[PDB]
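Working through the structure, step by step
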Amino acid sequence: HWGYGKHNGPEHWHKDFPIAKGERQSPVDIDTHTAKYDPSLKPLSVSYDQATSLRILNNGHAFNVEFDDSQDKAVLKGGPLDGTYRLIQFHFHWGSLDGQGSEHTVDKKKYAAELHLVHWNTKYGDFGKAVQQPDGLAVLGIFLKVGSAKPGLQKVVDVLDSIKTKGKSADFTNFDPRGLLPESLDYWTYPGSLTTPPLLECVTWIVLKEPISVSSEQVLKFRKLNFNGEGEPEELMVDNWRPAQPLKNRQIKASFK
Ligand SMILES: [Zn+2]
């Protein structure tokens, strides 16, 4: 099955998921000089004060912090979006080295990691229905660079020892995702896809201009996770990123000049 290795990595995904070669695949390189400022874009509305985190799970490809999405508790609105998108989970993609790890790139520059806060359009009733719709998901993408520690990330880092291997989960209540946000909510936006199989073309991507900084110790702890299950041969969970895909007939819009 699919993964990030030599024999099952992103270049192989199209054999099981032909949409991998589709018209609105993600991630992409954000060429900052050719992105178009759109003054009709609204400021993002990130309403996370009532967020209810539940658990953290190693799914064999990343780790997901999952939220109660049965009510409008943590929602994303505004920006390019119509309607209300509920936060369901966040996860990261990261590298084996500080110079790689992000999925989106900025003028071909790769960041050490990329955070994806995944939201679904409440008009579709549940996440499973939303992924079947062209406007079903909104993913807020935030780049991570290595520098000073991010205090709001530390509670995530400290639980990773409990979910080292695929299939492990741990309780993870009362986590506040506002501690993962940069100061500015300036963003680029474009229509795209899930970056992992099934690669469905259901995502309005909103990628923040301002990265967050995390410490070397914080990212090193990401790199100690395992793709494998307990008792299977150990393979470090690193480089779980898909490279940039062709932009094709899309224009990236910017909320800022
Ligand atoms: Zn992702």
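What follows deals with the coordination of the zinc ion. The protein atoms that coordinate the zinc ion are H91 (NE2), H93 (NE2) and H116 (ND1), at distances of 2.0 to 2.1 Å. Written as a sequence motif, the donor arrangement for the zinc ion is H-x1-H-x22-H. Taken together, the residues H93 in strand β7 (residues 85-94) and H116 in strand β9 (residues 113-121) connect sequence positions 23 residues apart. On the accessibility criterion, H93 (2% relative accessible area) is buried. For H116, a relative accessible area of 2% translates into the label buried.

Let's shift gears to the UniProt feature "binding site: Zn(2+)" in the chain. As annotated by UniProt and renumbered to match this structure, "binding site: Zn(2+)" occupies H91, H93 and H116. Across 26 residues in sequence, these annotated residues keep their C-alpha atoms within 8.1 Å of one another, forming a single compact spot. Narrowing the list just given to those that line the largest pocket leaves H91, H93 and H116. When you line up the elements, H91 lands in strand β7. Exposure remark for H91: the relative accessible area of 11% places this residue in the buried category. Those residues within four positions of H91 in sequence are excluded, and the remaining contacts are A62, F63, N64, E114, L115, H116 and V118. Among the polar contacts listed, one links the side chain of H91 to the side chain of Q89, at a separation of 2.8 Å. If we ignore the near neighbours within four places in the chain, the residues touching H93 are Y4, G101, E103, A112, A113, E114, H116, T195, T196, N240 and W241. At 3.2 Å, the side chain of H93 and the side chain of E103 are in polar contact.

With that settled, consider the pattern of salt bridges. On inspection of all chains with the given rule, the structure shows 11 salt bridges. Here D68 and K73 are joined by a salt bridge, their closest N and O atoms 2.7 Å apart. Judged by relative accessible area, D68 falls into the buried class, the value being 18%. Here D72 makes a salt bridge to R86, at a shortest N to O gap of 2.4 Å. You can see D72 sitting in the loop between β5 (63-67) and β6 (75-78) and its partner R86 sitting in strand β7, a full 14 residues away along the chain. The exposure class assigned to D72 is partly exposed, which follows from its relative accessible area of 47%.

Parameters and conventions
Residues numbered from 1 in each chain as written, not as in the entry; some residues may be left out. Heavy atoms only, no water. Donors = N, O, S within 2.8 Å, 3.2 Å for Na, K, Ca; no water. Helix = DSSP H or I, 4+ residues; strand = E, 2+ residues; numbered from the N terminus. Buried < 20%, exposed > 50% of the residue type's maximum accessible area, 1.4 Å probe, protein only. UniProt positions renumbered as here; feature names shortened; annotations may be inferred. 1 Å grid on protein atoms, 1.4 Å probe; cavity = no way out; pocket = protein on both sides within 12 Å on 5 of 7 lines; lining within 4 Å. Contact = heavy atoms within 4.5 Å. Polar contact = N/O pair within 3.5 Å; in protein donor to acceptor, adjacent residues only side chain to side chain. Salt bridge = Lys/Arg side-chain N within 4 Å of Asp/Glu carboxyl O.

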